[PDB]
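> What follows is a single structure, and I will ask about it in a moment.
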Amino acid sequence: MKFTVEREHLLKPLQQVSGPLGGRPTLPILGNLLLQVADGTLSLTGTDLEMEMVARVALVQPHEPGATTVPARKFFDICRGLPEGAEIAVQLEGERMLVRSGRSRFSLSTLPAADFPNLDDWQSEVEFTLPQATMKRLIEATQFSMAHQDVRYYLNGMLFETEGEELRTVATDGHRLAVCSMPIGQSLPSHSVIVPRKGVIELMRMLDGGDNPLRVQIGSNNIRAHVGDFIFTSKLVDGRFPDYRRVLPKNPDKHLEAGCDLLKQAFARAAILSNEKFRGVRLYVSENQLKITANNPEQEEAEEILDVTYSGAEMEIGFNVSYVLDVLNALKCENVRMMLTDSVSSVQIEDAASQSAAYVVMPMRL
Amino acid sequence: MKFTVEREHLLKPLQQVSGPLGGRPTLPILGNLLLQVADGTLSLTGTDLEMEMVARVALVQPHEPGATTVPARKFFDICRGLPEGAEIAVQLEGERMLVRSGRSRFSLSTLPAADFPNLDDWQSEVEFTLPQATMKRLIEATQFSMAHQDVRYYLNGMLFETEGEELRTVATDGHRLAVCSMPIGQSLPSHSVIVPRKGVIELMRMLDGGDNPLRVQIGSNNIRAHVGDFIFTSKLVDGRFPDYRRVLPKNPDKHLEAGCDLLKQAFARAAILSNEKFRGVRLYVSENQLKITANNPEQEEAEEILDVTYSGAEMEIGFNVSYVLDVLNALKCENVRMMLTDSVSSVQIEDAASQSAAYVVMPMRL
Amino acid sequence: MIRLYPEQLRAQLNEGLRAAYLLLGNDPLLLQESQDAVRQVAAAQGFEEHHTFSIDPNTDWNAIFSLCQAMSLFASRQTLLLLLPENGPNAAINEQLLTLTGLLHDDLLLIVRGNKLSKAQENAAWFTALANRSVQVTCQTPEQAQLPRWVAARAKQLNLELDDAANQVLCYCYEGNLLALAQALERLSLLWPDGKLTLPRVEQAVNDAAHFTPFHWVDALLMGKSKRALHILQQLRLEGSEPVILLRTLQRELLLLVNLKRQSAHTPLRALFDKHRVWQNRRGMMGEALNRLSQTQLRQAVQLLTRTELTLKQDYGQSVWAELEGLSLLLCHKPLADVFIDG
Amino acid sequence: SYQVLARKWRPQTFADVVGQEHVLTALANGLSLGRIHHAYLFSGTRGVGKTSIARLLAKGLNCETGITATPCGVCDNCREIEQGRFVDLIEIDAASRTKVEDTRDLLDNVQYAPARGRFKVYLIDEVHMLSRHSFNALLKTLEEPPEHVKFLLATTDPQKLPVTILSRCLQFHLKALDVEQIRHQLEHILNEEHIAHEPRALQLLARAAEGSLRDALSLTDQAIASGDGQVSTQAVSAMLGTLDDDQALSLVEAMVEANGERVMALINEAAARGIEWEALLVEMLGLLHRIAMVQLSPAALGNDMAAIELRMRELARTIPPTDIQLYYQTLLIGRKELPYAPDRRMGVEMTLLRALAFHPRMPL
Amino acid sequence: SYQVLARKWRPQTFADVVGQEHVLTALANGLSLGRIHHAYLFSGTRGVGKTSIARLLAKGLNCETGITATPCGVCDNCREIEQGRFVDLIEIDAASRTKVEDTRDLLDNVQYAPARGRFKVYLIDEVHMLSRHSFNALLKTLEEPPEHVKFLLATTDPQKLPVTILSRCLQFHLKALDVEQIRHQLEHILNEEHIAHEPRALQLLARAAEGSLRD
Ligand SMILES: Nc1ncnc2c1ncn2[C@@H]1O[C@H](COP(=O)(O)OP(=O)(O)OP(O)(O)=S)[C@@H](O)[C@H]1O
Ligand SMILES: Nc1ncnc2c1ncn2[C@@H]1O[C@H](COP(=O)(O)OP(=O)(O)OP(O)(O)=S)[C@@H](O)[C@H]1O
Ligand SMILES: [Mg+2]
Ligand SMILES: [Mg+2]
Ligand SMILES: [Zn+2]
Ligand SMILES: [Zn+2]
């Protein structure tokens, strides 16, 4: 196997392929990238027995077909350390790979390519192309609500649902829920799948904001994503995701509208002195008035008051400041609408002018 | 105690005072900084029984004399969290402190000011003033060579030697040495002192590139630095430091002038595949050429060929790649004159353009 | 605070479900059965969420407090389980438990497992706070006198027939180990679908006789069965049973025998057994020794036991098996030279 | 090559299993009646077949024909399980993987349904080496196990496991393989291996096995290697003699008959190899004590000393008790005086001489 | 500030020591003939000058004038070693550095050449407190030390050390000082200090010394 390439054309695809790899792999082979030269094409593959990433590069110079496996981090460092605009020539000699760049020579150990695991082929069920912007919006909206480590595994992922001409992303962890939906302009059959945390992370990373459309294929238990010359394949978690519709309040009688920035600043100031162990705050809502209070076992109390658009009866309700701050950070809008019924019922948070994204927060016992 | 102060005028002094304070003071009083309002000034002091930092802020609003101790972290966070342009009014009531400003109120706990430790007075043997830039360059030329946690206590600090019309900074760890010299424009008696690494770091953070000269005073076992409204006091290790002249090779014959930029790039490329345990690499200094070969336990060859200005007989020498890379990074020059006497002897790495700075690197028997 | 036994726990749960349940004792089998029954009843009532934590100095009470305070969108009716330290709660644990009891909700079902609490442990603020709304089930291993009743009940509830000889054999082979006895009963039921467990069947099952029963060797010594005692000692040596355990058991029995022998010169043996609360099944074999070994014996035996115990405490020698065999023959009617007793 | 007997003769069927009837019959009845429990544990001495029986049970559980006590051995599932490539059978070495992080990833796989089997079987070996956090995670998993998973455990130190773990699983204890069964198994193995053998060699190997089949197979392999591809009585006898080194018993016998030359020769032979003189004295004292106990009652001698049973019985029957007592006391005095002797060898020689020809004078 | 007689009167020359004539003669002969070993071990009771002899040997080896059995005592190296601040003389307290990691770190730096002196001397004290792993790690390098390093070992319980370490070094055993020698040394010290004394007091002190001059 012999080929020659440019540093610029190889720096980015190599970084994308080697990004997922890290730590100590289950097997040494999983810690290496598979390089294949064939029909004037260089294919870089990286997998960890749960997901696969494939990148392709065009060759316009003499080359020899072949296949090998090489270390990821060391090869990436060697490629990055060379001067900009240099030419990298890769050759295979015995059980070694020789990399040449001007007067710089490197010899790297290799392993047989036959030992590299390969995922079995599968047939897709629903195929659809959408702009990267919509996927980025959905991910940034619904990522923060996923659970970190729970016995219920299906809550650790994100629920992607195709309904009519709409795509919806839902996340929850048993205490808070985030839902978003966007149109796609094409009719697709009703379907629902669960994506794991690592898959969502990789899908978010691979997006670059470019004009290249993202093509998504969903099958029985696998999902494939095409973006330019990058292909990402992942598996689907098995389970029954809870229905989000029942979570939403049926009839929230009391409504409130508040400035996002001022409310967020007030919440942060209240949380500065709030109990670190609990991070709990107490809200007193009255006619055109919202008061936030916090306290700690050291008898230090923090109080703040602000003016809002409210017309209901006075109420007292406890909350966890972390969830509210996360929701406010997610919603980047001038005004935020909060709908609630009582102190022991879930509160719904939405944008004043946009209803695409909604959040549900369960109040804390206080 | 009662005083109103502008937030902007109080931001930087608070950060400077909180800098030296550590995360774990092990004493409640240590974690709290001393605030004293007197006449028309406010003094903020922070000490950790080894170093002291004092800052002064002018007061224009009416106030009363007083002294107290307040937590550094909470007070700094409260001051920084307030909106820009706000005026902070601080008052003392009983054991509590009111930090009312605008619509926000806080109640910070306070401790007696008498319990705050103080440092005994001392006599200044030497006094001088130098520009901030010269001190910054001197410290940067030799900071990296200071030992981190060597058993020798005296090797954990930097040696400052005022001699004739110049000031010299020396650092070492038993394997590598760094020396820098700069004129001061004023004759001072010969004197040598040792400063701990923490003091050097604090002095570096103190400098900001301002035009105000830095005034340095040195006593029997103490050092004081004054700049603007900031004063810093530190103790001395009070030990012996090996003489640099003896460590410096005597009349080396080889004077290899290498291409600092490409030299360090090749060194890093070799270090990529170098022995991780020892970080050692073989430098084959050939006629107007250098071959940096790195070999790791994986036996991955990292022979890099570069063009240098060597003119003597070819020589192989083993060097720790990390030390060489650090020296090259510190040099920040165009050509590096490695003056070599023999393979087993140390190499004097100097800046070819500037002979004021120098380093000594010991080889290894690979 | 209600107090019950494992048998009445099912009836209490059928009557109703209380806010808190305490499981204190030293019998893992009964505690596990009670926990399983309580969890099954709670799941029937609609408790599909369960949480368990271990109490120790390095405990994250913040997570427990957050779970208690935090609500659930759909998975309500939480269940929490705590495992107390073997030593028992301390002042820090006492105040932590008091705080946890302060933060209690109707949807949270609390279960606690640990050893029996002493008077000082019982007299705690958290313990008194739950007095009006708690039921404690005592779960401890029954003594040998009450063992056959439990064995018969367990066999009956499994739809099995046990003979008196089979019951006695099972009690003798698995005294103090109810888990092993239950496993043996299950294996016997598997072996024989008809469910008829005659004495030969269990005797064949007893052929295993794995280990951990030096009391069998001590009883053989007490009965004067030199052959049986020697055989059991050989089997224990093959099994690698801790010689220190054998030494301690024989030490307890020999001290009791020495006291009885010395104080029986003016009192009947049966009266002394009644005074010491000895078990009639033991009283027999003990009496045989007390009617088989003179005062000269049980003194040379005491000397040998003391020397061996000192040697194992200071030298930890592995030749203790030979000394145990010598002491075994000494405990029998064998004269012995008295030189092997280092006398 | 010829492979290893132990490796090539892993029991592939319940019939091939030697002994352990009380476990095999119970497992077969449970499989036939469908009474299958969530957690199974196996305990016993080394080389008793715990792992083999666990593998056989796993093969039977996930056979294509059905849940039967007699696996077909021809379907794809049986072949994969025998080769160890079965996807739904997860074998874990707890000794190698003890940290909680390693065990958590393996335990998290229970969420996925079986791919090509009725049940997802986990076979954990050396489970007694798991950490406290690993035990806690295992208990959490076993509290509410999925209906479609089974756990099999094998260890030699069940006491190390927490009582909570033990209480939630059914435990089977394996016994020894006796002697006749081991001899029959070795005879069958050698007949199938086309390796010449003799009955006496097989009997000696079975006697040296001491209830362990793995030890018996190792000794058979040693005999084959030393016998140059053939098993013979002379080869096995020489192999055992290389592991006997019965200088202590020979010294005792020579001393009892008052043969100084034999005693000196045996002392020189013992000194040829590295031996501890105090250990030799302790062994002689133990042998004398055992002889005295046997004289007191014939039942003192057990199966642990079956190798030298005849010699011990002859010594007990022949020597009067008084001579044994005198020799034991002399050896006790010698052991007491050994530390301050000029040399350990000199002390042992002096004590043996005193026992041979001298009699102490007791007070009064 | 004030220093006790034991610290003040530490010998600084081979002629200032008491007894141990055989050890001094052997060391002098070895230095004169040029036959210098790479591993020296000193054994004996307490307070017999093992550390003092090791320090004297270290001074002699690294003296500026040359390898001589009579150090000048005036050059920079001699003064630095006497004052206990010599760079190339590394003193290890095995009683507090028993960790194998410390030994490995020390061995990793042997390849570097000495800074000033012609040899890099390691003086390990109370070596009997080192762990088995430390001894095993030492074994290999002690068998093949570079040409520019030396090892000096001082021990009071040589029995604990393994035979492998013992066979890799030249052993010197120090004889306990006699009562007459202790009395003479005490009399000489008192005469040098100009302190009145009586023969019976010196005899009693020597008898109570029990072979230890430090006592
Ligand atoms: N019951 C048995 N029947 C036939 N061969 C057996 C039996 N037990 C052991 N063997 C032989 O011994 C070998 C090893 O048996 P194992 O099952 O690994 O021993 P073990 O009981 O698992 O010991 P552990 O648990 O690893 S300490 C097998 O490959 C057989 O050759
Ligand atoms: N041979 C000696 N000649 C002269 N003074 C000696 C001698 N031995 C001991 N001393 C005195 O006793 C002090 C202690 O001697 P050391 O050098 O410590 O002997 P030591 O054998 O190293 O003791 P240890 O092993 O460290 S407890 C010295 O400073 C002297 O004052
Ligand atoms: Mg096994
Ligand atoms: Mg000493
Ligand atoms: Zn099958
Ligand atoms: Zn000198």
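Identifiers in the structure tokens: chain A, B, ... in order shown; residue index from 1 per chain; ligand index from 1 in order shown.
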Give the residues close to ligand 1, within 6 Å, counting only C-alpha atoms and all ligand atoms; write them as a PyMOL selection string.
chain D and resi 6-7+9-11+17-18+46-52+154-156+213-214
> Can you pull out every residue from region 103-223 of chain C that DSSP, working from the backbone, puts in strand (DSSP E or B), and format the result as a list in words?
residues 109, 110, 111, 112, 113, 114, 134, 135, 136, 137, 138, 139, 161, 162, 196 and 197 of chain C
> Around ligand 5, at most 6 Å away and counting only C-alpha atoms and all ligand atoms, which residues are there? Put them as a list in words, please.
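Using only C-alpha atoms and all ligand atoms, I find these residues within 6 Å of ligand 5: residues 63, 64, 71, 72, 73, 74, 75, 77 and 78 of chain D.
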> Residues contacting ligand 6 - anything with an atom at most 8 Å away, using only C-alpha atoms and all ligand atoms - can you give me those as a PyMOL selection string?
chain E and resi 59-60+62-65+71-79
> Those selected residues, please, written with C-alpha atoms and delivered as a compact mmCIF listing (two decimals), in the first residue's frame.

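Heads up, here's the output in part.txt:
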```
# COMPACT_ATOMS: atom_id res chain seq x y z
CA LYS E 59 35.75 12.90 50.87
CA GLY E 60 38.83 10.98 49.75
CA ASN E 62 36.06 13.15 45.31
CA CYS E 63 38.96 15.30 46.54
CA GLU E 64 40.18 17.84 43.99
CA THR E 65 43.84 16.83 44.37
CA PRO E 71 42.18 14.10 52.12
CA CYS E 72 43.56 17.63 52.20
CA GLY E 73 40.51 18.98 54.02
CA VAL E 74 40.97 22.46 52.53
CA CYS E 75 39.68 22.26 48.94
CA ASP E 76 36.11 23.20 48.03
CA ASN E 77 34.93 19.59 47.75
CA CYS E 78 36.32 18.64 51.17
CA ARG E 79 34.66 21.62 52.88
```
> Once you count only C-alpha atoms and all ligand atoms, which residues end up within 12 Å of ligand 4, and could you hand them over as a PyMOL selection string?
chain E and resi 6-7+10+42-55+91-95+123-127+153-156+214
> The selected residues should be written to file as a CSV table (one decimal), in the first residue's frame (atoms: N, CA and C atoms).

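Listed below is the output, part_36.csv:
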```
chain,number,residue,atom,x,y,z
E,6,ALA,N,29.1,14.9,70.7
E,6,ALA,CA,29.0,13.9,69.7
E,6,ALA,C,29.1,14.6,68.3
E,7,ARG,N,28.3,15.7,68.1
E,7,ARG,CA,28.3,16.3,66.8
E,7,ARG,C,29.5,17.1,66.6
E,10,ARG,N,33.0,15.0,65.7
E,10,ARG,CA,32.9,14.0,64.6
E,10,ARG,C,34.3,14.0,63.9
E,42,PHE,N,29.3,-1.6,55.5
E,42,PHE,CA,29.9,-1.5,56.8
E,42,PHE,C,28.9,-2.1,57.8
E,43,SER,N,29.4,-3.0,58.7
E,43,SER,CA,28.6,-3.7,59.7
E,43,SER,C,29.2,-3.5,61.0
E,44,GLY,N,28.4,-3.7,62.1
E,44,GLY,CA,28.9,-3.6,63.4
E,44,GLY,C,27.8,-3.1,64.3
E,45,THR,N,28.2,-2.9,65.6
E,45,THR,CA,27.3,-2.4,66.6
E,45,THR,C,27.0,-0.9,66.4
E,46,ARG,N,26.3,-0.3,67.4
E,46,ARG,CA,26.0,1.1,67.3
E,46,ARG,C,27.1,2.0,67.7
E,47,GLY,N,27.2,3.2,67.1
E,47,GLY,CA,28.2,4.2,67.5
E,47,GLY,C,29.7,3.7,67.4
E,48,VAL,N,30.0,3.1,66.2
E,48,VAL,CA,31.4,2.6,65.9
E,48,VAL,C,32.0,3.4,64.8
E,49,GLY,N,31.4,4.4,64.3
E,49,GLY,CA,32.0,5.2,63.2
E,49,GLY,C,31.7,4.8,61.8
E,50,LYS,N,30.7,4.0,61.6
E,50,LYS,CA,30.4,3.5,60.2
E,50,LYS,C,30.1,4.7,59.3
E,51,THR,N,29.2,5.6,59.8
E,51,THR,CA,28.9,6.8,59.0
E,51,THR,C,30.1,7.7,58.8
E,52,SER,N,30.9,7.9,59.9
E,52,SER,CA,32.1,8.7,59.8
E,52,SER,C,33.1,8.1,58.8
E,53,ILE,N,33.3,6.8,58.8
E,53,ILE,CA,34.2,6.2,57.9
E,53,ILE,C,33.7,6.4,56.4
E,54,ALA,N,32.4,6.2,56.3
E,54,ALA,CA,31.8,6.3,54.9
E,54,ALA,C,32.0,7.8,54.4
E,55,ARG,N,31.8,8.8,55.3
E,55,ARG,CA,32.0,10.1,54.9
E,55,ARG,C,33.4,10.4,54.6
E,91,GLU,N,23.0,11.5,50.0
E,91,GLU,CA,22.8,10.7,51.2
E,91,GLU,C,21.3,10.4,51.3
E,92,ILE,N,21.0,9.1,51.4
E,92,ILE,CA,19.7,8.5,51.5
E,92,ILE,C,19.4,8.0,52.9
E,93,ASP,N,18.3,8.3,53.5
E,93,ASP,CA,17.9,7.8,54.8
E,93,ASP,C,16.9,6.7,54.5
E,94,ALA,N,17.4,5.4,54.4
E,94,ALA,CA,16.5,4.3,54.1
E,94,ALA,C,15.4,4.1,55.1
E,95,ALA,N,15.6,4.6,56.3
E,95,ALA,CA,14.5,4.4,57.3
E,95,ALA,C,13.2,5.1,56.9
E,123,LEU,N,25.3,7.4,49.5
E,123,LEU,CA,25.5,6.9,50.8
E,123,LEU,C,24.1,6.6,51.4
E,124,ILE,N,23.8,5.3,51.4
E,124,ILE,CA,22.5,4.8,51.9
E,124,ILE,C,22.7,4.4,53.4
E,125,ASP,N,22.0,5.0,54.3
E,125,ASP,CA,22.1,4.7,55.7
E,125,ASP,C,20.9,4.0,56.2
E,126,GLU,N,21.1,3.1,57.2
E,126,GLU,CA,20.0,2.2,57.7
E,126,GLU,C,19.4,1.4,56.6
E,127,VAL,N,20.2,0.9,55.7
E,127,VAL,CA,19.7,0.2,54.5
E,127,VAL,C,18.9,-1.0,54.9
E,153,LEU,N,27.2,1.6,51.8
E,153,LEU,CA,26.2,1.2,52.6
E,153,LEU,C,26.6,1.1,54.1
E,154,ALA,N,25.8,1.5,55.0
E,154,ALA,CA,26.0,1.4,56.4
E,154,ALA,C,24.9,0.7,57.0
E,155,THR,N,25.2,-0.3,57.9
E,155,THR,CA,24.1,-1.2,58.4
E,155,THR,C,24.5,-1.6,59.8
E,156,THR,N,23.5,-1.8,60.7
E,156,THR,CA,23.8,-2.3,62.0
E,156,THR,C,23.2,-3.7,62.2
E,214,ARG,N,29.4,6.5,71.3
E,214,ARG,CA,28.4,7.6,71.4
E,214,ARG,C,27.7,7.6,72.7
```
> Pick out each residue of region 13-222 of chain D that DSSP on the backbone tags as helix (DSSP H, G or I); I need them as a ChimeraX atom specification.
/D:21-33,50-61,76-83,100-111,127-129,132-143,158-160,163-167,180-193,199-209,213-222
> What does the file look like for those residues with C-alpha atoms, as a short mmCIF file (atom, residue, chain, number, x, y, z; two decimals), in the first residue's frame?

```
data_model
loop_
_atom_site.label_atom_id
_atom_site.label_comp_id
_atom_site.auth_asym_id
_atom_site.auth_seq_id
_atom_site.Cartn_x
_atom_site.Cartn_y
_atom_site.Cartn_z
CA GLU D 21 -24.71 -37.74 40.85
CA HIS D 22 -26.54 -35.69 43.49
CA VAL D 23 -26.00 -32.56 41.38
CA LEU D 24 -26.50 -33.95 37.87
CA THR D 25 -29.73 -35.73 38.80
CA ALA D 26 -31.12 -32.62 40.50
CA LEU D 27 -30.24 -30.44 37.50
CA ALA D 28 -31.80 -32.93 35.08
CA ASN D 29 -35.00 -33.10 37.14
CA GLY D 30 -35.19 -29.32 37.35
CA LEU D 31 -34.72 -28.94 33.60
CA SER D 32 -37.30 -31.64 32.85
CA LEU D 33 -39.88 -30.13 35.22
CA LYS D 50 -17.72 -26.94 38.60
CA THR D 51 -16.86 -25.11 35.37
CA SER D 52 -17.61 -28.18 33.24
CA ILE D 53 -21.03 -28.67 34.83
CA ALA D 54 -21.79 -24.96 34.48
CA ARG D 55 -20.91 -25.10 30.77
CA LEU D 56 -23.04 -28.21 30.30
CA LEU D 57 -26.00 -26.51 31.99
CA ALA D 58 -25.53 -23.41 29.83
CA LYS D 59 -25.46 -25.57 26.70
CA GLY D 60 -28.61 -27.40 27.77
CA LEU D 61 -30.50 -24.20 28.54
CA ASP D 76 -25.52 -24.55 15.82
CA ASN D 77 -26.01 -23.36 19.40
CA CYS D 78 -24.31 -26.45 20.84
CA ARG D 79 -21.37 -26.12 18.43
CA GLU D 80 -20.92 -22.42 19.19
CA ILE D 81 -21.11 -23.00 22.95
CA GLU D 82 -18.56 -25.82 22.72
CA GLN D 83 -16.26 -23.60 20.67
CA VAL D 100 -16.46 -1.76 39.54
CA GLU D 101 -16.07 0.03 36.20
CA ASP D 102 -15.23 -3.18 34.34
CA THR D 103 -18.13 -5.10 35.88
CA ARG D 104 -20.65 -2.30 35.31
CA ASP D 105 -20.26 -2.38 31.52
CA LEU D 106 -20.81 -6.15 31.45
CA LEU D 107 -23.82 -5.94 33.78
CA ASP D 108 -25.41 -3.15 31.71
CA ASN D 109 -25.86 -5.59 28.80
CA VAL D 110 -28.90 -7.21 30.45
CA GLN D 111 -31.10 -4.53 28.87
CA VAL D 127 -16.40 -14.58 41.64
CA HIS D 128 -14.89 -14.48 45.15
CA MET D 129 -12.25 -12.03 43.87
CA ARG D 132 -17.09 -4.53 47.37
CA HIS D 133 -18.51 -2.20 44.72
CA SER D 134 -18.63 -5.10 42.26
CA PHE D 135 -20.56 -7.16 44.81
CA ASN D 136 -22.95 -4.25 45.35
CA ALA D 137 -23.55 -3.92 41.61
CA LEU D 138 -24.13 -7.67 41.31
CA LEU D 139 -26.63 -7.54 44.18
CA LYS D 140 -28.43 -4.62 42.53
CA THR D 141 -28.64 -6.60 39.29
CA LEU D 142 -29.86 -9.74 41.07
CA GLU D 143 -32.54 -7.93 43.10
CA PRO D 158 -17.98 -19.36 49.02
CA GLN D 159 -17.49 -17.89 52.51
CA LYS D 160 -15.86 -14.81 50.95
CA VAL D 163 -24.47 -13.37 52.82
CA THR D 164 -26.86 -11.33 50.67
CA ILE D 165 -25.36 -12.76 47.47
CA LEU D 166 -25.44 -16.31 48.84
CA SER D 167 -29.05 -16.06 50.02
CA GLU D 180 -12.17 -46.27 41.28
CA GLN D 181 -14.00 -43.61 39.26
CA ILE D 182 -10.74 -41.75 38.61
CA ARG D 183 -9.07 -45.00 37.54
CA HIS D 184 -11.92 -45.80 35.15
CA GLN D 185 -11.84 -42.29 33.68
CA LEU D 186 -8.08 -42.49 33.15
CA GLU D 187 -8.39 -45.93 31.57
CA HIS D 188 -11.06 -44.69 29.16
CA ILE D 189 -9.03 -41.58 28.32
CA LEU D 190 -5.89 -43.59 27.57
CA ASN D 191 -7.85 -46.15 25.54
CA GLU D 192 -9.32 -43.36 23.41
CA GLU D 193 -5.89 -41.69 23.14
CA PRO D 199 -3.37 -51.38 35.42
CA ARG D 200 -0.78 -50.79 38.15
CA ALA D 201 0.24 -47.44 36.67
CA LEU D 202 -3.40 -46.35 36.53
CA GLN D 203 -3.97 -47.44 40.13
CA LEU D 204 -0.89 -45.53 41.31
CA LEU D 205 -1.96 -42.41 39.40
CA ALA D 206 -5.47 -42.61 40.88
CA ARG D 207 -4.03 -43.03 44.38
CA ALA D 208 -1.76 -40.02 43.89
CA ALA D 209 -4.66 -37.97 42.50
CA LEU D 213 -9.34 -35.39 38.35
CA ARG D 214 -7.28 -32.44 37.09
CA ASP D 215 -4.37 -33.59 39.25
CA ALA D 216 -4.82 -37.12 37.90
CA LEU D 217 -4.68 -35.86 34.31
CA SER D 218 -1.61 -33.75 35.09
CA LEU D 219 0.13 -36.79 36.58
CA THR D 220 -0.85 -38.86 33.54
CA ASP D 221 0.65 -36.21 31.26
CA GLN D 222 3.82 -36.20 33.35
#
```
> For region 54-61 of chain B, work out the shell of residues within 8 Å, counting only C-alpha atoms and skipping chain neighbours fewer than 3 positions away, then give it as an mmCIF file with C-alpha atoms, in the first residue's frame.

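That gives us out.cif:
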```
data_model
loop_
_atom_site.group_PDB
_atom_site.id
_atom_site.type_symbol
_atom_site.label_atom_id
_atom_site.label_comp_id
_atom_site.auth_asym_id
_atom_site.auth_seq_id
_atom_site.Cartn_x
_atom_site.Cartn_y
_atom_site.Cartn_z
ATOM 1 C CA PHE B 3 -18.229 52.878 52.629
ATOM 2 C CA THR B 4 -19.512 53.092 49.051
ATOM 3 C CA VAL B 5 -17.161 52.204 46.189
ATOM 4 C CA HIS B 9 -12.374 50.372 40.804
ATOM 5 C CA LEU B 10 -12.787 47.378 43.151
ATOM 6 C CA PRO B 13 -7.785 44.649 43.495
ATOM 7 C CA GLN B 16 -5.237 40.356 42.828
ATOM 8 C CA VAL B 17 -5.777 39.807 46.559
ATOM 9 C CA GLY B 40 -9.515 58.145 52.580
ATOM 10 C CA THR B 41 -8.228 54.723 51.542
ATOM 11 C CA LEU B 42 -9.292 51.077 51.618
ATOM 12 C CA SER B 43 -6.654 48.373 52.104
ATOM 13 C CA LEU B 44 -7.222 44.744 51.119
ATOM 14 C CA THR B 45 -4.714 42.226 52.481
ATOM 15 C CA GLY B 46 -4.320 38.521 51.796
ATOM 16 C CA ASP B 229 -0.996 50.401 44.316
ATOM 17 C CA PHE B 230 0.084 46.761 44.797
ATOM 18 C CA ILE B 231 2.629 45.481 47.329
ATOM 19 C CA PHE B 232 3.832 41.882 47.654
#
```
> Please determine the contact residues of chain A with respect to chain D at a cut-off of 12 Å, counting only C-alpha atoms, and supply them as a ChimeraX atom specification.
/A:24-26,149-154,221,235-240
> Which neighbours of residue 355 (chain D) fall inside 7 Å, counting only C-alpha atoms, when residues of the same chain fewer than 4 positions from it are skipped, and could you give them as a PyMOL selection string?
chain D and resi 327+330+351
> Kindly export the residues of the current selection with N, CA, C and O atoms, as a PDB file, in the first residue's frame.

```pdb
ATOM      1  N   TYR D 327      11.596 -42.581  72.512  1.00  0.00           N
ATOM      2  CA  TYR D 327      12.104 -41.887  71.335  1.00  0.00           C
ATOM      3  C   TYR D 327      11.453 -40.519  71.182  1.00  0.00           C
ATOM      4  O   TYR D 327      12.120 -39.544  70.820  1.00  0.00           O
ATOM      5  N   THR D 330      13.037 -38.198  73.688  1.00  0.00           N
ATOM      6  CA  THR D 330      14.388 -37.859  73.256  1.00  0.00           C
ATOM      7  C   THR D 330      14.359 -36.833  72.131  1.00  0.00           C
ATOM      8  O   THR D 330      15.152 -35.886  72.123  1.00  0.00           O
ATOM      9  N   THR D 351      21.319 -35.940  68.594  1.00  0.00           N
ATOM     10  CA  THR D 351      20.040 -36.412  69.117  1.00  0.00           C
ATOM     11  C   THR D 351      19.730 -37.820  68.625  1.00  0.00           C
ATOM     12  O   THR D 351      19.247 -38.663  69.392  1.00  0.00           O
TER      13      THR D 351
END
```
> Leaving out region 282-293 of chain C and any residue of its chain fewer than 5 positions from it, which residues lie within 7 Å of it when counting only C-alpha atoms, given as a PyMOL selection string?
chain C and resi 219+222-224+257+261+269+273+333
> Please return, as a PyMOL selection string, all residues of chain B lying within 7 Å of chain A when only C-alpha atoms are considered.
chain B and resi 104-107+269+272+300-306
